[PDB]
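> Requesting a structural model of the entry that follows:
(2 chains, ligands or ions: 4)
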Amino acid sequence: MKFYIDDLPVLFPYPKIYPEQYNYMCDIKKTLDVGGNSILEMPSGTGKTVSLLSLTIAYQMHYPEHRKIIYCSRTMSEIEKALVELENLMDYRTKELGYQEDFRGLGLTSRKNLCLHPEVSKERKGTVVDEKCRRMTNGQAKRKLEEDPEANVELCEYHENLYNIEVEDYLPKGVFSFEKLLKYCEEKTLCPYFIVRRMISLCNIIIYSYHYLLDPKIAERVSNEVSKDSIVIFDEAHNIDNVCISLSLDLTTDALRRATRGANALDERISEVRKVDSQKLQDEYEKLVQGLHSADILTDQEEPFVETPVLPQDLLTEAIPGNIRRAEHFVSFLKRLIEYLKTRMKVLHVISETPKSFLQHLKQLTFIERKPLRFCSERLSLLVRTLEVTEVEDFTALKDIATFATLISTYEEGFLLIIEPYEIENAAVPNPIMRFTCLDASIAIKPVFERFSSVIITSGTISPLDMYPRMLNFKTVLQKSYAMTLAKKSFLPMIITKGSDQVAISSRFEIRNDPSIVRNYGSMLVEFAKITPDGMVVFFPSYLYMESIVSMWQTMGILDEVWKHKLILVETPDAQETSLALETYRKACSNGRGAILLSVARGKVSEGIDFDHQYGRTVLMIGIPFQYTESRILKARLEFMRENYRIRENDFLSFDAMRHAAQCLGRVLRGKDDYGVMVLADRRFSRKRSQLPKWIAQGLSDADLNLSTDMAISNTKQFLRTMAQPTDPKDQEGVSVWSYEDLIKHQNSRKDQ
Amino acid sequence: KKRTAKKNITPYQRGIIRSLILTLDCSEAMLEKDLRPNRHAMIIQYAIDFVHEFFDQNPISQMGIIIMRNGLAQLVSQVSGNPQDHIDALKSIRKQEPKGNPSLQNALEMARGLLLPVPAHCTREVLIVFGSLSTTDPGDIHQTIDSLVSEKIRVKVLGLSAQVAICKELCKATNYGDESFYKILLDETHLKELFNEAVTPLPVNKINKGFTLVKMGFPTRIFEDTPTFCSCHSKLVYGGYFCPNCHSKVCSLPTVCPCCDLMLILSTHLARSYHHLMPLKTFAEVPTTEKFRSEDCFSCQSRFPXXXXXXXXXXXXXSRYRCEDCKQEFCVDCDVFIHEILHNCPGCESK
Ligand code: SF4
Ligand SMILES: [Zn+2]
Ligand SMILES: [Zn+2]
Ligand SMILES: [Zn+2]
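Numbering: from 1, shown residues only, chains lettered A, B, ... in the order given. Ligands and ions are numbered 1, 2, ... in the order given. Take a look:
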């Protein structure tokens, strides 16, 4: 389609169109012009992305001013989800209106995904992937490649030939999704990790993890071309908060100890080289004694060893690290650091330290100064940069210290260090956690937020729209909750507060077996497992908590019976096994015989994956999720959060569980073709009807309150049967599917007011 | 006040010479009590009627039975022409009870071989009455489905109170994408016609091969009941038909030639179709005031068709569902009936 929003042709690629999408686009364009933040509840059961991209692409190509687009995603899954999406929209744009587009946009994800050279592609850990892909094309290693080309130099070899041809202009015109990108770059032998890294400078739409927009050590290279004032899209950013908490930092003393020797390994390295080649190190001192050395304290084409844990290369200063200008001075105080840390390591009990409170306390037990403390990282960065070491795993820990040092040098009074003497789960053992953490998400949010007023945020499960403006203090404009329009059932929600014995079922009671509930839960599950066709998942408040249920159920005769009907797949903590298991679960659902999956709402499964009709027909939320299984980490954070913002733990608590509860459910529907059954299994959900995302609660009927299993099973029994009918009125869909180019013309001409 | 199959649009082509293999799930799933003795009994019950109902409209179409127990494909009745043999094979099973899961994969493949022998013209076609909510497939399926298509095997299933994607896929794929065949009942009464609608042929928008001449002949009755003998059952058949070519006796039937291998029907079997060939546009209801035709049914002869001004009764329903092409009126039940039993539009017949 190609219609108007009172100013713009809308090159809509899907002939059929949904009224909300226009109701959607109508509002965002309004917000698009007059700058704002102004999040939007958008039920992703429709195509929200098309509704987004439709407005955006023209708005970029219709108005002349903003030639760039910023679309930030929760994960590569979202990336690849959107990547194909635009591409076809973009492809539809060439098909229907010739070619006047000259638009290219792509997304950076990592090295590990994008390291195309098979060597580290075999290797697992991204830091090691970072380490060797650095060592592939590293300022020393590329100098090892150029100045002293030797067998010690291995590389992707692409970044050379990429540099040979790529870095003058882009590959021709494609928005090359990984599907297109991974192949296309392989043929011409590219590790596109650098293709995008150079292409940072080009694309007019970008997509990457919020980290790449928020993680300052990766969200550092922000350029005006890539940023200056263009449009910002935060998709499925309901969980943005926890991402900002990025500035997380806990201290594995065991790794820390290895750092000590790594520090000594550094200590030996600097001493041994200062024996051998100290002049350039003195020249580096002369590269230091000049001042900040902005020439190579900041500009390093393939060199930079330590990232910028500080904000995107801003929160620093210029006065030299005084004495530490001498690395031997510098090396020494680093030992003061770790030992201080090592000294602080073995506190008998848990101790929480505010930075400033700790600040002079550092000077107390060892007279160190904060001004050098920030300088460590760059001072470290050049230090290792000068000495082309063979490994970083030791030095990862090292830079983390500097990273810690920088961080603790950096911020205050919104952040805090706490050391539990151990992990109390297996308490009375030595494993103290010198945890220093972020507390306010907004602080890390502020900078990018400070930049551009074309900031837009939307999840399928934002609820309520207040906490985020509350928590982040940020200045929205409009926050409209989108009632999904349905001329039909199209899905089913349910609430099981009590079982057949009307016994309230819960999880807040304990992580344990009140044998009534779980024995009741075996029934609940199994009867559902019987009734539905293939495709069904359940969620649990916590992994080991789930473990209890399974183990006891395994003991009981419950499991085998469901084993008769469906196939069972658990969730694992490791991603590998999971990742394998999932596709199978897909295969069983896709194949005939029924299956079933179990996982945890806080789990990675709930965060990235999606569930269509066959893949998902019924879901189950065993219990109401919670986290005070864990420690003051939240509470201590709550302190600042509660003491500043008029929020109680419950405020955070009751919403955030829901923030994760429905977070699962949004995956259940992909297209308005799909449908499903959405049950809730906890007594407290009854009190919780009033925190849902609007379209959910609208889809939620009253009579479904505190259902037992018996009353529940009937409705699904029908709903399944009913929905399975080719319920195709094909006439009332005019209102709900907006007769194409006509009713949107018609009804919105009638909706002209 | 109307729900009409608007246009009788094959419009020119439907699949007459059929070869339908009926397959029934026989599993403990069939032993659930949504239906009175079970689904299974009503199934076999509703299956029985089907056979005549089938053979009535299809006196020219072979048919056979399959049950699905213990995750096994288990033919019960060789595909053949007599109804009774088929018909009796049910009752036998009807008393016996199902055991073990349904293995759909077993089902089709047993059919796939089973439907091989039939000639090209014979519509190679299968119908499924699934009862379970899942399957137990010994081998692949997505590959197996395709093999069917390679054999041009249409399929159609009668879903139980649910929908399962694979069969939903199966029908869709096997009916060249264009799908309507995944019907799953919501009410038992629906199942009644669900069989009945399966009776008729089934093209929609077809691809056209070389539909050839069908050789066949016609036999003739005999007289001497005493001279009994046979040539297909080798019994002493009191006296019956004779091949026009093989010129041998045969037990009375529309059977094939057990002597020189050709199809031998009378003609009525052909005639039995043609209403399937060119059916009739529905008789249309009349305006609440404009009819003004005779105060007596045309087809039938019922004085009413209105109410002669009865406030909210005469204006309630112009009981004058009437034909277009002949433009002559017709009674209520008549149009209900002339569209039902004998088609042969009387008004359109006589002009
Ligand atoms: S050079 Fe390119 S392909 Fe090789 S490891 Fe580095 S990013 Fe990956
Ligand atoms: Zn005989
Ligand atoms: Zn003969
Ligand atoms: Zn007529």
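> the strands in chain B, which residues?
With strands called from DSSP state E, chain B shows them at B:18-25, B:62-69, B:72-80, B:123-129, B:241-242, B:249-250.
> Could I get the CA-only coordinates of the third one as CSV?
Coordinates of each C-alpha in strand B:72-80 appear next as CSV, following Å, rounded to 0.1, in the frame of the first residue of the first chain:
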residue,chain,number,x,y,z
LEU,B,72,-0.2,-50.1,13.7
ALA,B,73,-1.8,-49.9,10.3
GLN,B,74,-4.2,-52.9,10.1
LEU,B,75,-6.3,-53.4,7.0
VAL,B,76,-9.7,-54.9,7.8
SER,B,77,-11.4,-55.1,4.4
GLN,B,78,-9.7,-55.5,1.0
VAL,B,79,-10.8,-52.6,-1.3
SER,B,80,-13.6,-53.9,-3.3
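> tell me which residues in it are buried?
Using 16 or more other CB atoms under 10 Å in any protein chain shown as the burial criterion, the residues of strand B:72-80 that qualify are B:72-77, B:79. For the C-beta atoms, the positions are set from N, CA and C on the backbone; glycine is no exception.
> and which of those is nearest residue A:163?
For residue A:163, the closest of the buried residues of strand B:72-80 turns out to be residue B:73, at 63.6 Å, with distances computed as CB to CB.
> Wait, residue A:43 touches residue A:692, no?
No. In this structure, residue A:43 is not within contact of residue A:692 by CB atoms under 8 Å, at 11.5 Å.
> Skipping adjacent residues, who's closest to residue A:590 in space?
With CB to CB, 6 or more residues apart in numbering or on different chains as the measure, residue A:614 is the residue that lies nearest to residue A:590, at 5.9 Å, once sequence neighbours are left out.
> Look up how far ligand 3 lies from the residue nearest to residue A:48 when sequence neighbours are not counted.
Nearest non-adjacent residue to residue A:48, counting by CB to CB, 6+ apart: residue A:42, 4.6 Å away. Remark: distance between residue A:42 and ligand 3 (CB to the ion, to the nearest Å) = 74 Å.
> so what's residue A:42 up against?
With contacts defined as CB atoms under 8 Å, 6 or more residues apart in numbering or on different chains, the neighbours of residue A:42 are A:24, A:48, A:51, A:458-460, A:482.
> Out of these, which is nearest to chain B?
Here the nearest of these to chain B, counting by CB to the nearest CB, is residue A:460; it sits at 23.9 Å.
> Quick test: name the residue nearest the centre of chain B.
Most central in chain B under CA atoms, centre = their mean is residue B:199, positioned 1.2 Å from the mean C-alpha point.
> That one and residue B:53 touch, don't they?
Yes. Counting by CB under 8 Å, residue B:199 does reach residue B:53; the two are 5.6 Å apart.
> Please, where are all the helices along the stretch 301-450 of chain A?
Per DSSP state H, counting those that start in this stretch, the stretch 301-450 of chain A has helices spanning A:327-345, A:355-365, A:370-385, A:393-410, A:441-451. These are given in chain order.
> What is the burial count for residue 337?
Unless you meant another one, I'm taking chain A. Counted with other CB atoms under 10 Å in any protein chain shown, residues neighbouring residue A:337 total 21.
> switch to chain B, that's the one I care about
Applying the criterion other CB under 10 Å, we find 14 residues in the vicinity of residue B:337.
> What of residue A:30?
Counted with other CB under 10 Å, residue A:30 comes out at 15.
> host element of it?
helix A:19-33 (DSSP states H and E).
> Moving C-terminal from that helix, which element do we reach first?
Next in sequence after helix A:19-33, counting helices and strands by DSSP H and E, comes strand A:40-41.
> now what about that following strand, what contacts it?
Contacts of strand A:40-41 (CB under 8 Å, 6+ apart): A:24, A:27-28, A:456-459, A:462-463, A:465, A:478-482, A:693-695.
> Can you name the residue of the stretch 201-350 of chain B nearest chain A?
Counting by CB to the nearest CB, the stretch 201-350 of chain B gets nearest chain A through residue B:204, at 14.7 Å.
> What is the neighbour count of that residue?
As a burial measure, residue B:204 scores 12 neighbours (other CB under 10 Å).
> Over to residue A:744?
Per other CB under 10 Å, the neighbour tally for residue A:744 reads 22.
> Now do the SS call for it.
Using DSSP: H, G, I helix; E, B strand; the rest coil, the structure places residue A:744 in helix.
> What number of residues are in the vicinity of whichever residue of chain B sits closest to ligand 1?
Distance from ligand 1 to each residue of chain B (CB to the nearest ligand atom) is smallest for residue B:142, at 35.6 Å. Residue B:142 has 14 neighbouring residues, counting by other CB under 10 Å.
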